[PDB]
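Below is one structure; the comments refer to it alone.
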Ligand SMILES: COC(=O)NC1(C(=O)N[C@H]2CCCCC/C=C\[C@@H]3C[C@@]3(C(=O)NS(=O)(=O)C3(C)CC3)NC(=O)[C@@H]3C[C@@H](Oc4nc5c(nc4C)CC=C(OC)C5)CN3C2=O)CCCC1
Ligand SMILES: [Zn+2]
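Numbering (our numbering), first residue to last: 1145 to 1342.
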């Protein structure tokens, strides 16, 4: 009934991947109880830092990456949800189900990656566990892992970046190709497809 109808909560930043120094490591900035409360209110007063955020809904967790002032993630994680912010829920600025892509204005305090113009095919995928995984680019939206590993190790890293040797954004991780549970290849939204959308 219309009186009964519920509202989905916001996406919430619950941590980050720290790439500041010589060692990449994940940091949690909010626990599950505070995450649930912030998803319901959409009001997140925590300080945001860095380029790759770990984000959560009530039911899923994944990554979001700032590139050129937009916090980008996957539609299959975020759907059409708002993101929590200090002043309340923020509506998506970009939504493209056909690319599995959404974006919001990048949160104050975040740092944005620069879009890659190198044309390099030697990429690096950053996971929610702060693994930096070498990936050879194999097409506009595909790359192969140099060291395959079970898909378990990639689960929850959609929305994370593929970076070039110079640390620029080449794309947003979207999906994995699984052969008997082993990830041999990944698919990603290329940064040019974000640059078009903008
Ligand atoms: C043979 O057929 C295929 O396998 N084809 C493909 C393939 O589907 N692979 C699978 C293998 C899964 C097994 C686990 C893979 C591990 C990590 C994955 C990175 C990662 C991830 O981590 N998610 S997550 O953070 O955990 C989560 C779910 C919390 C957000 N994403 C995934 O699971 C995604 C989700 C889904 O894909 C899509 N859903 C949608 C859209 N577009 C895609 C492409 C567009 C519009 C939508 O509206 C709803 C939905 C299946 N996904 C795969 O990756 C592979 C080649 C191209 C597509
Ligand atoms: Zn580059």
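Backbone N, C-alpha and C fix where the C-beta goes; we use that ideal spot for every residue, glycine too.
Check, Outcome
"How long is the line joining the alpha carbons of residue 1155 and residue 1237, rounded to whole angstroms?", "14 Å"
"Can you list, in chain order, the residues of its chain whose CB lies under 8 Å from that of residue 1209, leaving out five sequence neighbours each side?", "1195, 1196, 1197, 1215, 1216, 1217, 1257, 1303, 1304, 1305, 1313 and 1316"
"Under the criterion of a Cβ to heavy atom distance below 6 Å, does residue 1164 qualify as lining ligand 1?", "no"
"Within the segment 1200–1248, note down every full beta strand (DSSP E) run reaching 3 residues or more, in order along the chain.", "1205–1211, 1214–1218 and 1238–1240"
"Name, in chain order, the residues that DSSP records as bridge partners for residue 1326.", "1294 and 1323"
"Could you tell me if residue 1324 is buried or exposed, where buried requires 16 or more neighbouring beta carbons within 10 angstroms of its beta carbon?", "exposed"
"Short of 7 Å in beta carbon distance, which residues of its chain neighbour residue 1204, apart from the five on each side in sequence? Order them along the chain.", "1221"
"Can you find a heavy atom of ligand 1 that lies under 6 Å from the Cβ of residue 1221?", "yes"
"Excluding the five sequence neighbours on either side, which residues of its own chain have a C-beta within less than 6 Å of the C-beta of residue 1274, listed in chain order?", "1161, 1168, 1169 and 1170"
"How about residue 1313: is its Cβ closer than 6 Å to a heavy atom in ligand 2?", "no"
"Determine the closest residue to residue 1308 out of 1282, 1263 and 1255, with distance taken between C-alpha atoms.", "1263"
"Three Cβ pairs or more, each shorter than 8 Å: is that satisfied between the segment 1179–1190 and the segment 1271–1290?", "no"
"Which residue or residues does DSSP assign as beta-bridge partners of residue 1288?", "1280 and 1329"
"Can you grab the Cα-Cα spacing for the pair residue 1201 / residue 1301, in whole Å?", "14 Å"
"What residues in its chain sit with their C-beta under 8 Å from that of residue 1255, if we drop five residues either side in the sequence?", "1193, 1194, 1195 and 1210"
"Would you mind reading off the limits of the beta strand (DSSP E) that contains residue 1270?", "1266–1270"
"Taking just the CA atoms, how far does residue 1331 sit from residue 1339?", "18 Å"
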